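S.K.: these chains are from a complex, not moved at all, and more is on the way:
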Amino acid sequence: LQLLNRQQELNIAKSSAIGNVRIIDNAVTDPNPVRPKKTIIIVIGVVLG
């Protein structure tokens, strides 16, 4: 009986998988593109000219 109770504890420990890693935020996309950065490009162009 002692091993059977231990076996069940190992069975429940196997199924209760949630562990060291947890997904807080699933990925989403920022709708504003990060490149090219238009304003800084234009400023650099004017200054270079």
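M.R.: The structure has been received and is ready for your questions. Numbers count the residues shown, from 1 in each chain, chains lettered A, B, ... in the order given.

S.K.: C-alpha only now, for contacts and for neighbours.
M.R.: OK.

S.K.: Tell me where chain A has helices.
M.R.: A:2-15, A:38-48 (DSSP state H).

S.K.: Select, out of those helices, the one closest to residue A:31.
M.R.: Proximity to residue A:31 (Cα to Cα) singles out helix A:38-48 among those, at 15.4 Å.

S.K.: Extract the C-alpha set from the closest one and format it as CSV.
M.R.: What follows is helix A:38-48 as a C-alpha-only set of coordinates in CSV (Å, rounded to 0.1, in the frame of the first residue of the first chain):
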residue,chain,number,x,y,z
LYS,A,38,10.4,58.6,-41.2
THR,A,39,10.9,61.8,-39.2
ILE,A,40,14.4,61.1,-38.2
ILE,A,41,15.3,60.0,-41.7
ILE,A,42,13.9,63.3,-43.1
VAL,A,43,15.7,65.4,-40.4
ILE,A,44,19.0,63.7,-41.2
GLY,A,45,18.5,64.2,-44.9
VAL,A,46,17.8,68.0,-44.5
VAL,A,47,20.7,68.4,-42.1
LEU,A,48,23.1,66.5,-44.4
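
S.K.: just how off-centre is that helix within its chain?
M.R.: 35 Å (Cα atoms, centre = their mean, to the nearest Å).

S.K.: As chain B, please add this:
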Amino acid sequence: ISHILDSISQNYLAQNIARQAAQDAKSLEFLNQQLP
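M.R.: One more piece, chain B, placed on the ones above:
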């Protein structure tokens, strides 16, 4: 803004205690699915 900040605090508080019991909650969930 005060209402919004209260809602943020309440949501975060409620979330935290859920995470404390989350490990037990899933184990209880599995046993309920595992009871013959």
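
S.K.: elements contacting the helix or strand residue B:27 falls within?
M.R.: Secondary structure from DSSP states H and E places residue B:27 in helix B:22-34. Packing contacts for helix B:22-34, counted by 3 or more Cα pairs under 8 Å, 6 or more residues apart in numbering or on different chains; DSSP states H and E, involve helix A:2-15.

S.K.: Alpha carbons only: can I get the helix it packs on in PDB?
M.R.: What follows is helix A:2-15, C-alpha atoms only, in PDB (Å, rounded to 0.1, in the frame of the first residue of the first chain):
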ATOM      1  CA  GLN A   2       2.900   2.400   0.800                       C
ATOM      2  CA  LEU A   3       4.200   2.100  -2.800                       C
ATOM      3  CA  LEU A   4       0.700   2.500  -4.300                       C
ATOM      4  CA  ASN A   5       0.200   5.700  -2.300                       C
ATOM      5  CA  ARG A   6       3.600   6.900  -3.400                       C
ATOM      6  CA  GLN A   7       2.700   5.900  -7.000                       C
ATOM      7  CA  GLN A   8      -0.400   8.000  -6.900                       C
ATOM      8  CA  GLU A   9       1.600  11.000  -5.600                       C
ATOM      9  CA  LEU A  10       3.900  10.500  -8.500                       C
ATOM     10  CA  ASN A  11       1.000  10.200 -10.900                       C
ATOM     11  CA  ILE A  12      -0.600  13.500  -9.600                       C
ATOM     12  CA  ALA A  13       2.900  15.200  -9.700                       C
ATOM     13  CA  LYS A  14       3.200  14.100 -13.300                       C
ATOM     14  CA  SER A  15      -0.100  15.500 -14.400                       C
END
